[PDB]
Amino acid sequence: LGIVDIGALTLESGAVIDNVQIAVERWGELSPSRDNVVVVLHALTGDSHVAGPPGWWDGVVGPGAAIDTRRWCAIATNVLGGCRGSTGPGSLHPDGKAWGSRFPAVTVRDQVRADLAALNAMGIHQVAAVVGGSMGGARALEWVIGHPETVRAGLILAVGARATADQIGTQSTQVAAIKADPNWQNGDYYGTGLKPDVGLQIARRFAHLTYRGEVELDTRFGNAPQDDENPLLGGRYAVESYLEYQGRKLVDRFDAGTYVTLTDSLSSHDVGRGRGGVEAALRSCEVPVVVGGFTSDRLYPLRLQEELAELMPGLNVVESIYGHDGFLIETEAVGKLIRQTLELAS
């Protein structure tokens, strides 16, 4: 885990963040010409820990993996706004306190420019490929549309061209649940000894449902009770105790302020903004791209990836029971799409 200083960054809004730092992790050696970089773009609650025994995409990064680190140099940042090394709301403001409520709104476009600045500070100027799903797919899409000169190919998984009403609906309500927590303290809870654990748990429980496949959830849990508990006497259902576990697991590893900042960056995703709309922006693409979507995805439904593949100058439909999380679980299917993307960059 290294930290790259990129200095002051001017955001799309005109706001400036002083002294931005971007955390970077690398697997594989950089080639003499620096022509073998594959940028792996993490999703909402991910980070730079892509691979290693555990890395959120370990199945696709390593020796002999889809991103074969004997040949490619896999680089992952922690996104701008994150909480695992990069500048975010918990980072220190110039006044010595956490940014907190003063942290500006960040867009996916800002996040791409911060990643590119980190690469440039490392002496890397063109990457072979960008790859990502979900928020990482939004980052990959904005990279190929906004900075095609810097990337030879892209894999865009499980995302749409802009945020949808249903996505903004659940995202805004997840944020509202966090802000309703008595410990949110307007986002300035850092250093107080209190954190909005309850609101973040509620947000994550609803988010987890959006990530899963409806049928698979019912196959896994049905209406089964939690073992030895009777719901009519105050007991819980199996899916209910599982959701409680998911919410608590996130609270134990993730910052509420970062969740809000990054969720907001999902809600403002729109490749068409300032470019004449989604269709005009997608038609402008000059980077070879592979697009994949998952049949059971309820958060970024397949129609969104059909649109990407139709408007960008065929869609890879992955039959999967795992919903949106298919982009993390379907190692072999995703691996084939990665290998196809890397062939386009070679």
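Note that residue numbering follows the sequence shown and begins at 1.
Unmodelled residues of the deposited sequence between neighbouring positions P313 and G314 number 1 to 3. Where coordinates are absent for parts of the deposited sequence, a chain break appears; between neighbours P53 and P54 it spans 4 to 9 residues. In this entry, the higher average B-factor at the C-alpha atoms falls on 272-280, of the pair 212-220 and 272-280. Between 35-43 and 54-62, it is 54-62 that carries the larger average Cα temperature factor according to the deposited entry.
Highest CA B-factor among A74, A203, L233, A256, as stated in the entry: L233. Sort the modelled residues of the chain by CA B factor and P94 lands in the highest third. When all modelled residues of the chain are sorted by CA temperature factor, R102 is found within the highest third. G187 sits in the highest third of its chain by CA B factor, as recorded in the PDB entry.
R109: CA B factor lies in the lowest third for its chain, per the PDB record. Sort the modelled residues of the chain by CA B factor and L299 lands in the lowest third.
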